[PDB]
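Each chain, written out:
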Amino acid sequence: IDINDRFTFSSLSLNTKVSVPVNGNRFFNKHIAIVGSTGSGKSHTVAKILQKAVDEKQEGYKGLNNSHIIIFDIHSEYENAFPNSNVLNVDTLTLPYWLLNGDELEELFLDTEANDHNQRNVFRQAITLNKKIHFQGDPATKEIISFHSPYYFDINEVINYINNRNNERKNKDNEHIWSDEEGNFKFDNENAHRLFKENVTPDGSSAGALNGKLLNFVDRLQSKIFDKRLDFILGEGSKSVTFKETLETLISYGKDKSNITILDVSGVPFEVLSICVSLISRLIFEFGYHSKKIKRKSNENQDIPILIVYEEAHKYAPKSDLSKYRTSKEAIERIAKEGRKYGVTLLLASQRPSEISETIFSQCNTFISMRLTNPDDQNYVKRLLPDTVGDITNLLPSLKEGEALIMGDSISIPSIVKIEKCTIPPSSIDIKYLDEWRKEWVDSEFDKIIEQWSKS
Amino acid sequence: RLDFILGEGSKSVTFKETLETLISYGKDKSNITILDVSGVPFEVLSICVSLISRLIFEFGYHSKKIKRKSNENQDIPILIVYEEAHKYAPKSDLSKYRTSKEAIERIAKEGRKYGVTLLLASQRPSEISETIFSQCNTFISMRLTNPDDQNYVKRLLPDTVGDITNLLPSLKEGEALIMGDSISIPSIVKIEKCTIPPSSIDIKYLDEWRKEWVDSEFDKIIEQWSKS
Amino acid sequence: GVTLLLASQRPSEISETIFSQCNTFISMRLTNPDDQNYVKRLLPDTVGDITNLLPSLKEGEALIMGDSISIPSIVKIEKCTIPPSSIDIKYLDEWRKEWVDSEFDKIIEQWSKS
Amino acid sequence: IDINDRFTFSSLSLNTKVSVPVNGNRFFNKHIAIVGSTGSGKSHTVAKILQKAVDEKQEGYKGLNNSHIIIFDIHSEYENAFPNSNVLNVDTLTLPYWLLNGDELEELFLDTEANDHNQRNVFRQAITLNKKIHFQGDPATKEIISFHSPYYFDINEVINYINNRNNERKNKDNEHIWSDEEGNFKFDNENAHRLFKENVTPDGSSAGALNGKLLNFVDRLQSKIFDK
Amino acid sequence: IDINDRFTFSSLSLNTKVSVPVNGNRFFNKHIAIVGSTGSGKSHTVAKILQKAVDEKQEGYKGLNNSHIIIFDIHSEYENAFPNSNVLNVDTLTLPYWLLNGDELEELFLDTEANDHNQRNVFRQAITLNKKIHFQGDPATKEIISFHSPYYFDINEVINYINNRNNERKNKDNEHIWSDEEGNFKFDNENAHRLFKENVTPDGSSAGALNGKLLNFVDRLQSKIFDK
Amino acid sequence: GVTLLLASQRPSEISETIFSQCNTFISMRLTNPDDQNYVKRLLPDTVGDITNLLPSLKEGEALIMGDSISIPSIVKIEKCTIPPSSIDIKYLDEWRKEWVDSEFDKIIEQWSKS
DNA sequence: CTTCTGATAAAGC
Ligand SMILES: Nc1ncnc2c1ncn2[C@@H]1O[C@H](COP(=O)(O)OP(=O)(O)OP(O)(O)=S)[C@@H](O)[C@H]1O
Ligand SMILES: Nc1ncnc2c1ncn2[C@@H]1O[C@H](COP(=O)(O)OP(=O)(O)OP(O)(O)=S)[C@@H](O)[C@H]1O
Ligand SMILES: Nc1ncnc2c1ncn2[C@@H]1O[C@H](COP(=O)(O)OP(=O)(O)O)[C@@H](O)[C@H]1O
Ligand SMILES: [Mg+2]
Ligand SMILES: [Mg+2]
Ligand SMILES: [Mg+2]
């Protein structure tokens, strides 16, 4: 490895005095998968890698460098490990509902499929038209606004529009005639924006095309917006935030600049967690994709690289083919296959290699295998290795806390290494189980645990 | 069948009374809490296994968050003993086992840091889901005659000490092999005899069969059978 | 008179029907085990110790068989004097330099137009 | 390999001085598969073979040879390897929509589950009729023209037909009367083509069968065409 | 092998003077499998076996013998080996579509991708009816005419019936009424045979059972038929 | 009286229930190990060191077993005086030629007329 | 004439 290409975070297990470095360029553009049994030290190994990546500064300046790391925290550990970082829990993070790219907007609001037609187009027509109403730029790019375009629309006018078309009344000439405080108006393309207001009364001889057909649809729509689970995305805080401040929040480019961004998704439900993982994975990927094509036309190199750390990837990217894992898997898989070119790579952390999907986990060209006692997990590590050097996998069950085997394109030979101790460790200390059992029967405060459990 | 969860008693009791009942923190305080689910059907056994495991894990999770606010570690650790784990957490990917498997898997995957760990008992290593046994650092093995099970124990060991699995079929009663970070070297041990043992002693077939034809009182058995 | 040249970093996801129609195969370093299993089964020829040979191929090293070459050979393909545009983001080298200012408005304006 | 059939683009790995040729006729006349991992050298290998392919000329002439290679460059990366070659970007490239067959036309315009079956049929009927009207060959092959057959058709005229069918006014005898500047005509197979004009007015005492149904379908089609 | 049974097409590899005969009867009434790699020589082996089997005669006559060999030549290579033989390419060969069975007719026309049952029933019903019309034999085997039976049917009439069933009309009496030059009839199995003509015009009140769901089925059938 | 001759370059893709109905097997140079292992199981007889024999067969060299032959023998099939020749496009011969102009205009008018 | 009810149907899964 070239001397100016060396990135070390560990030393050899057999000889402590020799440090084992990896090709620092090749370590991060080719995806990292770290696996090992429970309590093996994956979180400390991940934190030690990102700590050395933060302090990896070229000579000639003072201040924080160009590292960009996003950590998905489901156990709230790396707040302590990175004190000068930005932590974004669900109660304080705002991800707007107008940043959905259409496919997830289709899935977020509609729990139905295979039969909704009249409920479908009135949903997409309301959103697409409301984006042109609230658009404040030149009209040349107003016409190119579509359902998947990331422009602000009011969801409360969208519900008002669908609840109005619920109450349609046509006239003997077969067109819907409305009436508002300015006067009666035909329901047409240039007059469809007036249905966004609640105070419209229809005048008609007969019921309209969608009269009484969206009463079930509006109730499902209203009883999803006021979910406090989705208050980070569908709440009132997404109203006053814009596209720009969303990106400064995700990669810590705001008033507090940090190389590490941590998202506290610790005790949230899965449906909140699956929305959080799939949104930010797509948003970071498309930011890296679009910043790449800006740099293509400029023919310049001021690109920023982003690494996303996916701890507990079995929660949101498992091998199982369930539909509740579908939207989260596809966002991470897109980063796994195509994300390497645009500057968005992933750090995959899980406790078995055989539970993460093969379309995601086999795209990782570097590997940090800690202790694995499962015969199916060891066979995965053996088959990633040629049979000449496959005998080093025999030491996997004998690995105690701190050692792992690093293989991949970024390292010369696969070696059992000792990951360097974290002087600023994450908050994942092993509980001294017997020493906490020799004490008194301590009176656990049940009231304090319950009234947080209740709000959680 | 669901009277324990959907009965009239669910109205009266509170959240704090339930948590105190499950870990014996009530008026009668005990180190050991036993859930006697002996004759219940699977559909209410899987409900009991999955809900109590979820409640205890989230109690351990929320206790740690309270302790982390005061810059403290978790005060009370909880160990859950899953006896006869093949009934609710098997290798099979059937949909009936899904809720009970996922609750125990959450404890196995994530309960180490939250103070909720598990002791899992079953006949064979191969009849339990691999997700739970892979996370078990300590692995105690009694006599194992099935060759698939013996090779499963063999791969858990390093190859230098892997020859100790050859005494697995000849293991006597109370003779165990203890592995993991707890023990210095994997070794065959003799578990200390229980002065107060579980009431699961083998019944002497020849001693019982040598006596007279017993009347068996079918009315009392059927009366109990019909209640269950 | 219309023939194919199929280049793919994951040969396993290519359909077996179209991949079988190929007659000359250039096999570079194949680290993915499913890519190894797929290629070795569908290769028209074999070489000695091919299981360890495919991961061990160096950069620009190839294994060529087919009916256009008599002996399956390990070949060091000559370097491109005029190389194609290579996308190799040096994450360490870009992370060592100072925190660069991001033109978010330029990126977002192209993102919103898409 | 014969002396005139040799195509050398590589050299032996163990012996650098030895160059390994392939049968150049046999190499390209049968399909080639270049597989490898990421960064193995596939794109440089593809560039090297094609660079040597265009340099294979007979000594008699100067200028371009008869090699014709088309690259589906998904990463916009082969322009540097072949600077003199023609490159077709999205602004540069021009594919006519009418050369798409029936399945490709449907996937371009129509949507999964977002289109009713009657909305789909008027789309298919308009295109398969517009292909016949803009056909300028002999009329013997007009009857064999279908929706799948690729012939030139005006997609804006297709919009006008669909927009007119959205404004249809049915008569008392379940047919549609249409008024044009030439005159009034009942819609049938013989005069369906006069709906491709924009300036056609419907005459009827009642709303047509497809009236008010394709208005949603018009705006989705116009959104597709005017999308830049 | 008896000398009259001998059939020699090869000689021993190690001794060229030893010609290896096979039992020429037994070689051919039991199936032959010639396997090899590409470029091993199995096309030449097939050609040499058949040239040896064509020029073998009783020598009591002058002329062609009784060999009957059919080659499914997919590479167009055996024309050179047998110049005096009959070669049938796409331009020369005519294969009747009505000798196809039901599975082959489904594979030629239907697609398993869409797998629409409603296209499948009308397709089988049209052909099975049309095979009964064009059948000139005795009535006692007309009732066993099926979709799978190898009898002549008109594919343009089948398309015409299928296109007509896309134009069905539903009346207040829930019968389908059609108008023809011969007369006016109801959609009965006796009267369905006059839907095979294109010159019919439907009469009714509302849309029929199969209205609007066969146009994509007609266009794909018409795409196959008018494909050159 | 309707028998069949199977000539395949990938024997391991043939279904086992059809390939086992054949009695006489003319096994030429088999080179893929999957086709070698498939054929060796369903062959009615065996020969000495058939594993190394099959990829080592020379050009026209074959191996015939079955009811027809007495013993499995390595044979040289007789050379075809009138060989089966396929009209194949010589790419490097055509690509070495000058760039052709007259032919492209003739192809388009043929495509348009039919 | 329009409204409402009820029945038939088709769905996707
Ligand atoms: N290099 C190391 N040297 C010594 N102890 C270490 C080292 N790395 C980690 N540890 C210890 O490992 C313990 C548990 O490690 P963790 O990283 O929390 O386990 P884990 O990998 O997160 O497994 P799960 O599935 O998340 S519980 C910590 O309390 C550390 O003290
Ligand atoms: N014949 C060769 N000799 C030496 N180095 C080579 C050779 N071929 C490729 N390389 C090196 O390989 C690097 C990247 O190779 P590429 O061909 O661009 O990657 P690839 O094989 O196409 O994989 P992807 O998935 O397309 S990034 C180049 O920058 C060269 O340094
Ligand atoms: N019995 C034989 N003796 C000598 N040469 C042969 C023999 N059989 C085939 N060949 C040569 O082998 C080449 C392979 O041709 P072919 O039989 O078409 O291959 P394949 O087995 O792939 O069909 C031919 O060019 C021919 O000259
Ligand atoms: Mg962890
Ligand atoms: Mg490339
Ligand atoms: Mg051949």
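All residue numbers refer to a per-chain count from 1 along the written sequence rather than necessarily to the numbering of the entry. Residues that lack coordinates are not shown. In the order they appear in the text, chains get letters beginning with A and ligands get numbers beginning with 1. Every figure reported here is calculated on the shown chains, themselves a piece of a larger assembly. Side-chain measures here rest on the full set of heavy atoms in the structure, leaving out hydrogens and waters.

Its PDB header attributes the entry to cryo-EM and lists the resolution as 2.81 Å.

Anyone opening this PDB entry will find it titled "Cryo-EM structure of an anti-phage defense complex bound to ATPrS and DNA".

A. Structural detail: the overall build of chain D. Looking only at helices and strands, chain D has six helices and eight strands in total. In terms of C-alpha radius of gyration, chain D reaches 28 Å, well past the compact-globule figure of 17 Å for 228 residues. Taking the principal axes of its C-alpha atoms as reference, chain D extends roughly 90 × 40 × 25 Å. Burial status follows relative accessibility: with a 1.4 Å probe on protein chains alone, a residue under 20% of its type maximum counts as buried, one over 50% as exposed, and anything between as partly exposed. A total of 228 residues make up chain D; the buried ones form 44% of that total. Here, two residues are considered to be in contact whenever any of their heavy atoms come within 4.5 Å of each other. Contacts in chain D between residues far apart in sequence, at least 24 positions, make up 53% of those at least 6 positions apart. Put simply, chain D shows about 12,400 Å² of open surface, and 50% of that area lies on carbon and sulfur atoms. For the charge count, each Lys or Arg is scored as positive and each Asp or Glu as negative, with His and the chain ends excluded. In plain terms, the charge of a residue is placed at NZ if it is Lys, CZ if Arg, CG if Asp and CD if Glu. Here chain D carries 25 positive and 32 negative side-chain charges, and the mean point of each set is 5 Å from the other. Elements are defined by DSSP. Helices are runs of H or I of four residues or more, strands are runs of E of two residues or more, and each kind is numbered from the N terminus. To get the radius of gyration, use the C-alpha atoms; to get the globule rule, take the number of residues to the power 0.38 and multiply by 2.2 Å. Only the protein chains shown count as covering a residue, and every accessible area follows the Shrake-Rupley method with a 1.4 Å probe.

B. Representation of the overall build of chain C in the model. Along the backbone of chain C there are five helices and four strands. Reading the secondary structure of chain C in the N-to-C direction produces β-α-β-α-α-β-β-α-α. In terms of overall dimensions, chain C is more spread out than a globule: its C-alpha atoms have a radius of gyration of 20 Å, far above the 13 Å expected for 114 residues. Projected onto its principal axes, the C-alpha positions of chain C cover 55 × 35 × 30 Å. Surface exposure of chain C reaches about 5,100 Å², of which carbon and sulfur atoms provide 49%. In chain C, the 12 positive side-chain charges and the 18 negative ones have mean positions that sit 3 Å from each other.

C. Up close: the pattern of salt bridges. Whenever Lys or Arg places a side-chain nitrogen within 4 Å of a carboxyl oxygen from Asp or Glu, that contact is recorded as a salt bridge. Inspection of the entire model under this criterion finds 69 salt bridges over all chains. A salt bridge links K220 of chain B to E217 of chain B; its shortest N-O distance comes to 2.4 Å. For the pair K220 of chain B and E217 of chain B, one class covers both residues: exposed. A salt bridge links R220 of chain E to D111 of chain E, with the nearest nitrogen and oxygen atoms 3.5 Å apart. Residue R220 of chain E is located in helix α7 (residues 215-225), and its partner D111 of chain E is located in the loop between α4 (102-109) and α5 (117-133); the two are separated by 109 residues in the primary sequence. The class of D111 of chain E is buried, set by a relative accessible area of 16%. Connected via shared salt-bridge partners are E106, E113, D116 and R120 of chain A together with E113 of chain D.

D. Structural detail: the pairing of strand β2 (residues 19-23) of chain A. Residue and element names in this part refer to chain A. Two strands are said to pair when DSSP picks up at least two bridges between them. In terms of strand pairing, strand β1 (residues 6-12) meets β2 through four bridges, oriented antiparallel. Counterpart to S11 in the pairing with β2 is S19. Between β1 and β2, which pair antiparallel in sequence order, lie six residues.

E. Looking closely at the site of ligand 1. The full set close to ligand 1 counts 20 residues, and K42, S43, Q351 and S428 of chain A together with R112 of chain B are the nearest of them. Any pair of N or O atoms that falls within 3.5 Å is considered a polar contact. Within protein, one atom must be able to donate a hydrogen and the other to accept it, and sequence-neighbouring residues count only if both atoms are side-chain atoms. Separating an oxygen atom of ligand 1 from a side-chain N or O atom of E312 of chain A is a distance of 3.5 Å. Side-chain polar atom of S428 of chain A to an oxygen atom of ligand 1: 2.9 Å apart, as the coordinates give it. Expressed as a share of its isolated accessible area of 650 Å², the protein-covered part of ligand 1 is 91%. Of all the secondary structure elements, the ones that give two or more residues to the shell around ligand 1 are α2 (42-54) and β15 (415-419) of chain A. Per element, the largest residue contribution to the shell around ligand 1 is three residues, and it comes from α2 of chain A. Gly is put with the polar residues, along with every residue not named as nonpolar or charged; the nonpolar set is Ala, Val, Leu, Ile, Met, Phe, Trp, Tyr, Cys and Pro, and the charged set is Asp, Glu, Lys and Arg. Class assignment of the residues belonging to the shell around ligand 1 gives a composition of two nonpolar, nine polar and nine charged. Summary of the distance rule: residues count as near a molecule or strand when at least one heavy atom falls within 4 Å of that molecule or strand.

F. Spatial organisation of the sheet that holds strand β7 (residues 201-203) of chain E. Residues and elements named next belong to chain E. Spatial ordering of the open sheet is given by β6-β5-β7, a layout of three strands whose pairing is antiparallel. This sheet does not close on itself; its edge strands, each paired only once, are β6 (184-186) and β7. When strand polarity is set aside, the average angle formed by the axes of neighbouring strands in this sheet is 30 degrees. Across three bridges, strand β5 (residues 177-179) lies against β7 in antiparallel orientation. Axis geometry follows a simple rule: fit a line to the C-alpha atoms, using only the stretch in contact for helices, then measure angles between N-to-C directions, giving values from 0 to 180 degrees.

G. Molecular detail of the sheet that holds strand β3 (residues 61-65) of chain C. Strand order across the open sheet formed by seven strands is β1(C)-β3(D)-β2(C)-β3(C)-β4(C)-β1(D)-β2(D), with mixed pairing between neighbours. Here the strands that pair on one side only, and so sit at the sheet edges, are β1 (5-8) of chain C together with β2 (19-23) of chain D. Within this sheet the neighbouring strands show an average axis-to-axis angle of 40 degrees, counted without direction. Relative to strand β3 (residues 31-35) of chain D, β1 of chain C runs parallel, the two being bridged by four bridges. The partner of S8 of chain C across the bridge, within β3 of chain D, is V35 of chain D.

H. Layout of the protein's contact with DNA strand G. Residues and elements named next belong to chain A. In the vicinity of DNA strand G, the contacting residues are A114, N115, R169, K172, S205, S206 and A207. Near-protein atoms of DNA strand G (within 4 Å) split between backbone and bases, with sugar and phosphate holding 100%. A207 has a polar backbone atom sitting 2.9 Å from a phosphate oxygen of DNA strand G. For the surface near DNA strand G, the per-class residue count stands at two nonpolar, three polar and two charged.

I. Spotlight on the arrangement of the chains. Looking at chain B next to chain C, you find no contact at all, with the nearest C-alpha pair sitting 22 Å apart. Between chain B and chain F there is no contact, and the shortest C-alpha to C-alpha separation is 29 Å.

J. Structural context of the interface of chain C and chain F. At the interface, ten residues of chain C touch eight residues of chain F. Seen at the junction of chain C and chain F, the total is zero salt bridges. Counting every contact that joins chain C to chain F gives four residue pairs in polar contact. Tallied by class, the residues present in the side of chain C that touches chain F amount to four nonpolar, three polar and three charged.

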